[PDB]
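Just below is one structure, and these are the notes that go with it.
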Ligand SMILES: Nc1ncnc2c1ncn2[C@@H]1O[C@H](COP(=O)(O)OP(=O)(O)OP(=O)(O)O)[C@@H](O)[C@H]1O
Ligand SMILES: Nc1ncnc2c1ncn2[C@@H]1O[C@H](COP(=O)(O)OP(=O)(O)OP(=O)(O)O)[C@@H](O)[C@H]1O
Ligand SMILES: Cc1cn([C@H]2C[C@H](O)[C@@H](COP(=O)(O)OP(=O)(O)OP(=O)(O)O)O2)c(=O)[nH]c1=O
Ligand SMILES: [Mg+2]
Ligand SMILES: [Mg+2]
Ligand SMILES: [Mn+2]
Ligand SMILES: [Mn+2]
Ligand SMILES: [Mn+2]
Ligand SMILES: [Mn+2]
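If you want it as structure tokens, here you go:
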């Protein structure tokens, strides 16, 4: 066993009844003085390194050609001047195993952390040396972390796409289904997770040109998509991951759910395609009143009204659907469907739950389209227009397929540096650059939506780490007050940066004029309610930083009205799974699953303590499963009120609790304004 | 139990030690006195019937509008003047259960046999009343039978395409694979059987964008195609049928074959995807000499030579591939592979066997392309060019995808009417009309090849029926003499009609000038070898009909040289599954499987004796399983020497014979010039 | 002289209800009156009860007491069919046609129905009275089993057959015909075993055994009449069903080697209408011709 | 939680002896030495004799005492497989390989054999000791049954699997593999029924039942070692067979929800080549906060 492995395992060997957390630090030293420094490839100077990486097809030469070598040297020197040290063994291990650039045979390390950060910063700046240094300082301080696609692939010749998630709308036609399968394979080839809205597809037993009971429903398309994602599995490196979203009022909703039952037959079971359910407020109202609900056949509704079932408001059209004899429907028990959802989530963690009305009551771009589904991580909530892929030799009507670039603020590092504004603006600029340089030649709706919406996702990580390292319980009202203030600041500065980009470029996102940003409605709660901290401890935490007031929000509203906004969507809180290790941060705004996690790598086992875990903050690092899910819902709703897109909200459940407890948590989330629920992980 | 069913089951009841075959005739009468006439919709006049069928979206207005009502009435009167009577119960049952037009509620019969024949004739003639009457006389004499798609769908508004055999070339790309899946779905939606060539696809463990061990091979593509064919199942009417062809020198050939093993796992086995193997002469030579063979990685060959492995002659390329270090290959035992093929055919009848050099040594259009694969029934053998389907908003390079037009001569009815020439020419004209009226807007290469090649398949059936009713054993040399003469006359008149159509329209098929028809090579064996019958009995059978001599063939060769040939391909012998029942004929040129076949429809049993079966010809109606497969191979080769495309050749084996016997039959078929082997049906 | 041929017949008749798709009956079921659906559910529930006890108790207990491994294999196979195939098939039918509450109610109804409880009490009582090495107690239980197989099922079978014969509920009807085909051979087989024991007796003992068989038949018959009226009066068929059960009572007696007891009657013609390969390597001479 | 799932797996594994043609085994049988033929015959007779006890007593006695209609049906199906399928399959293998006189002599020998008798009578003794309405005695019999299905058969299965893995006696080896696959699921199922009883007991009673199971395992294991040497020393395989016995003993214990008794060992590669949260309804007022 390696020396650093033994040093890392020495953490759990208690001395005087206490964990040896400091041993972890020793491990990193070993991991660098025995493996990383020996396995790294050193050159005489930076010129030889850059030339070797360029000619050997490791780096794209275009982004490096925008800078003179003196500027690149200055950027690299700025990166190395911080003398960044990984405080935990797992941070360095995760970076050098998942994100550091290696040779073709993967026998040596070509990129250090500073090298990777410098390359990403130079790609972000697009020829601006000062901007590149700003990005270097932002990432080496670990205030901002680009998503895994962006951080791993920026400036690389053998790179994939920098966009993490893609959302596709599938129209009710064989041509559209085949095009959706093709685009899903193309985007999984690019490495991104693909989500498909199957609510427009007509249910099982519908007519294909006057011959009835002909359609296979959404389950056949689900099987096709599952095989497509199995085939396109990132060249066999990462399993192809897809998501299917169906409205709960679709007739196939049961069969949909039956794809995830552990007793499902092979002709129905789907195993590589995640499932999500979109629940309008009408379904929750029907379940609450115990009135029997009706699921609908989408094609009959489309024939009668000319629009898809998910294209209009069910809260106002459900009674018209039920009373219409030309609309076909089936009777269901909404409470039984809710119990089935809870049982399925207990068994397998599926489906994702999207509260459609919670998303669309604060959605700023309802004029473009209502949000009808979410992404594979159930945090992207954007307007999408379905595409009409016609026959060959016929022009296709290209719609809008959602796609946003992810980037997370490290809350602990951002607040320690007292740089919410600067970090938010620089992250917005980096995400705007990632969107601008993204061009996908096989997904036309994705390309058009990227060019028009200009949507980005700016997330946050290390919420629980910051709260526990500052002596604040994650479930406490003080923690929710901190989240309210911090994310109001993040939203304020993201809107300010979006408006500044719109002013400097003279262009807004497409159809911005009909948005609530243009009409000023979006700023209502910000121009009437003060989001400054209500607790003295939180206010002290925010000292040295100008917390925006109602007057600052009014000025920002006027600025947006004058100049517009460059981005249709700005903030989305992704799960941030593996890149949180490198940043020494807790995953996303979720509470920690465990204080010390035991992970098996190779034939060895390693223990990763939570960042900053110690004796004095052991009980502030409360495990998520031990927490009240209602207070976690309160925290997520408090954050969500300042996030325009959704938050990947994983439910952390105990084995003792029943499906009724899961249903109660889901209904409280819906009541509190939670937009989406990601996972039901049971301990 | 209905009266006609009792009268049909009375056949097996033996009187005086003989089957009551004549009772079947009585059954037909009952089937018409009790059921057909009662459930047949009658109109006051044909005008009312046509108006009702057109208005209720049963027929098409376009083809009926080309004639005055007097001409349509005259065509219907010509059809009804024959007073055609089905000689067996199963003929009428199959027609009125499969082909007769029924109401939307499927309880009444709108079309009789004469009505359907008249409608198909009017569709064929395209406005010529005399030509329509000629077609009516052809089909009511049952000399020619349009295929199930053409016969069932001609003149019907609610219909699939008139072509059901489609051959697709799949290029080695994700875009091409997705396009192939889409086209397969679209053609299965039209009701056609789709065959895909997977030899150009790179094997498992190949590089994608210079990353190693990334390709899933052809088995993942087969899984995708199997899911696509399961999804597209004729609006839930018939099981989606598809075929995949792989060259035996493709490295995936074992895994390909492993998709049909019973022991194969769920992630390996494809259930609704037929498989065929293309066997070049090089593989047979390697197996014969017991030299170990090599299966090659197609992408390495493409990188080294710039052409696909299946696009070049393996006979001259195999040694260069083996000696090339940059071509990756795996060692195999060709005799072990042959034994595996025989074992798989014994277990499941798969794969289909295509002898590439047997096809291509007589292929007339090798300049366009060599025949690389066959159809789902393993009888279509045509030149195909792969298409380069690029990314979106980029122009695709459309190639040639095979789609031939099926139609079968009834050898008994044709020869008893002494009308080989007239029937062949009229069938060629009808096939040309159906090929010209076919327009598929979702298969670009299929449409392009249909417009360019103008390829049709004119088959024959009732060969064994005709031979048995004339006191000739199917395995006798007299039967092969008759087949030689009859199919040489069929080829002569098909070529003459093709040249006449080319002269009339002033156009040939695309790239005809490079064909062996243009150079006169095709006629070589016809201008030197006399194909007149060598037996007096066969000559007396051909009495009253002019048998083309060598001088006639020289005149035809000169005529083709002067005027060209309209069809790239003219003759292919399809299995003729259900139309053989309606025509009261034995299926294809195959020998009969059973003298009397027992079938179960609903909860009732039915008995179909072979047409013309009696005590006198009971011995001549020898069952296929009791026959020597070498003599069946000899007869099929005798026919194949006059057929430009292949013949659906099913092997009929006993359970006693082993895989050595199957391999011997396959090798004798290869030796005798058999182009394709369809199935290995074990009794 | 017969067990081997019964063994072969039983195993070749093997089936599972899942082989028959039932969704095709959905419409003809929907179209029946409430009275008709009620009688149908109850009829099949009565059958389910009989097969439950024939599988759990009757066939296994007779298997235990009958000598010979082949005879035991046949009886064990028949037992499996009763509870693993027949009794279960009824639930397949119920789960297709009826909502859970109607299913729950009909199973509650079997527990409280006095005629169904009486017939179960009588038949199962005789099964449980079998004494080891006592051939007379075994004979009595075999008579009871033949009466269950060849007589008692038929008040139930009438109705699915009556519909099948009119082209209604034909998928459910197909299941029932398969069940009936099995019971016919089960009744013959057990009948032959009963005759073996009867034929060992003195004439005096035989006379007593005939008395037992006829007294038991009459007692079961009188109860079945009341059961039949209770189920069929609401659909107007009680008299017709009664003729059918008398017909089948005679078949049960015949299976036991006894003369028919009831006079022949015309049965509803609708119900009558309701009735790897060896592998050799390739030689170098197989490549030349 | 499990009976319907096992029902499905059992019925979908249904097979018949006639499906495998046996005559082609004579082409490898003729090439075995006398010791190999002798061991094979003796092993085969051992399996046959033990499986007959399971068909005539083991499965039917457990089916009799277990409550639940669905469990009784699954158990009936398993008893059917023993008597109707497995027993005929063993007979077929014998009749193919040996003449009538040789079969009679082998069965005479194995019937008198001390190690075969010891284990056969130990198992049968526990089946005979089951008392009505006593779940402790039922559990003990279930333990015995699991030990037979999942452990005692395997000293015997070793040899056919050993040949099967070498390409010898492939037809009879295929049959044995199908039989073994049935016994595996039988052992798992009966194991779950035993755990159900075990889990209803106090902690002291549990410890007492564990001691019973381990003590029984020890007695059977020590006799298996002697049985093994008696049969396999003459063909030099005993060391490897002993590893296979312990590996299968551990599987039997795991079927009964117990920890493995023996250390993990690798098995002969030739033989290897041969081989829900609680649903609680929404009560309303869960929609209001
Ligand atoms: N935790 C760590 N994170 C990142 N790099 C590290 C870490 N530990 C060691 N290294 C690398 O290994 C080298 C070993 O040097 P070390 O940290 O022991 O101190 P040093 O030799 O006094 O110099 P310096 O600390 O100034 O780099 C470091 O210079 C650095 O490049
Ligand atoms: N074998 C058969 N094949 C086809 N149609 C038949 C057959 N037998 C009877 N029919 C149909 O039933 C009708 C009655 O025919 P039948 O044998 O009674 O005498 P017919 O002289 O042909 O009668 P019609 O006056 O109808 O011409 C026929 O006209 C035809 O439409
Ligand atoms: C062709 C086909 C379609 N479908 C379903 C899936 C699609 O969502 C739906 C629409 O198919 P379409 O491609 O729209 O078929 P169509 O346009 O010819 O028919 P229509 O005019 O009614 O739109 O039909 C199947 O389930 N199986 C099939 O094989
Ligand atoms: Mg459409
Ligand atoms: Mg390519
Ligand atoms: Mn029964
Ligand atoms: Mn019975
Ligand atoms: Mn057994
Ligand atoms: Mn067993």
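Chains as they are written, first to last, in the authors' numbering: chain B, 6 to 688; chain A, 6 to 688; chain C, 16 to 290, 309 to 322; chain D, 16 to 290, 309 to 322. Backbone N, C-alpha and C fix where the C-beta goes; we use that ideal spot for every residue, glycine too.
request  = Check whether the Cβ atoms of residue 240/B and residue 226/A sit closer than 8 Å, and answer yes or no.
outcome  = no
ask   = Start and end of the beta strand (DSSP E) containing residue 334/A?
value = 334-337
task = Express the C-alpha separation of residue 589/A and residue 381/B in angstroms, rounding to a whole number.
result = 59 Å
ask   = At a CB-CB cut-off below 9 Å, which residues of chain A make contact with residue 92/C?
value = Here the premise fails: no neighbours, minimum Cβ distance about 26 Å.
query = Applying a beta-carbon distance threshold of less than 7 Å, which residues of chain C neighbour residue 31/D?
reply = 26
request  = May I have the straight-line CA-CA distance separating residue 279/D from residue 340/B, to the nearest angstrom?
outcome  = 50 Å
key: Listed by chain order, chain B residues near residue 4/A by CB distance under 9 Å   = Any question about residue 4/A goes unanswered here, given that chain A covers just 6 to 688.
task = Please check if any C-beta of chain B sits within less than 8 Å of the C-beta of residue 449/A.
result = yes
Alpha carbon of residue 534/A to alpha carbon of residue 418/A, nearest angstrom = 28 Å
ask   = Can you find a C-beta in chain C that's less than 8 Å from the C-beta of residue 686/A?
value = no
ask   = Three or more beta-carbon pairs under 8 Å between the region 22-32 of chain B and the region 596-616 of chain B, yes or no?
value = yes
message = Less than 7 Å separating the Cβ of residue 93/B from some heavy atom of ligand 5?
response = no
task = Keeping to the same chain, check which residues put their C-beta closer than 6 Å to that of residue 289/B; ignore five residues upstream and five downstream.
result = 675
task = Using 7 Å as the cut-off, classify the Cβ of residue 639/B as near or not near the heavy atoms of ligand 5, replying yes or no.
result = no
task = Report, in whole angstroms, the separation of the C-beta atoms of residue 292/A and residue 667/A, which I expect to be a contact under 8 Å.
result = Not confirmed; about 14 Å, so no contact.
Proximal chain A residues relative to residue 317/C, where beta-carbon distance stays under 9 Å = Neighbourhood of residue 317/C in chain A, by CB distance below 9 Å: 293, 294, 295, in chain order.
task = Measuring alpha carbon to alpha carbon, tell me which of 337/A, 338/A, 305/A ends up nearest residue 325/A.
result = 305/A
ask   = Taking the Cβ atom as the reference point for each residue, do residue 490/B and residue 538/B lie within a distance shorter than 8 Å?
value = In this structure, residue 490/B sits near residue 538/B, with a CB-CB distance shorter than 8 Å.
Beta-carbon spacing of residue 97/B, residue 24/B below 8 Å = no
inquiry  = With a threshold of 7 Å on Cβ separation, who are the neighbours of residue 122/A within its own chain once the five nearest residues in sequence on each side are excluded?
reply    = 84, 141, 144, 145
inquiry  = Rounded to whole angstroms, what is the Cα-Cα separation between residue 583/B and residue 153/B?
reply    = Rounded to the nearest whole angstrom, the CA to CA distance from residue 583/B to residue 153/B is 8 Å.
ask   = Got a sec? Which residues, its chain only, sit under 6 Å from residue 211/A by beta carbon, not counting five neighbours each side?
value = 220, 302, 304
query = Starting from residue 657/A and walking both ways along the beta strand (DSSP E), at which residues does that stretch end?
reply = 656-658
ask   = Does the region 452-466 of chain B come within contact of the region 404-415 of chain B, defined as at least 3 CB pairs closer than 8 Å?
value = Note that the region 452-466 of chain B touches the region 404-415 of chain B; at least 3 beta-carbon pairs, one per stretch, sit closer than 8 Å.
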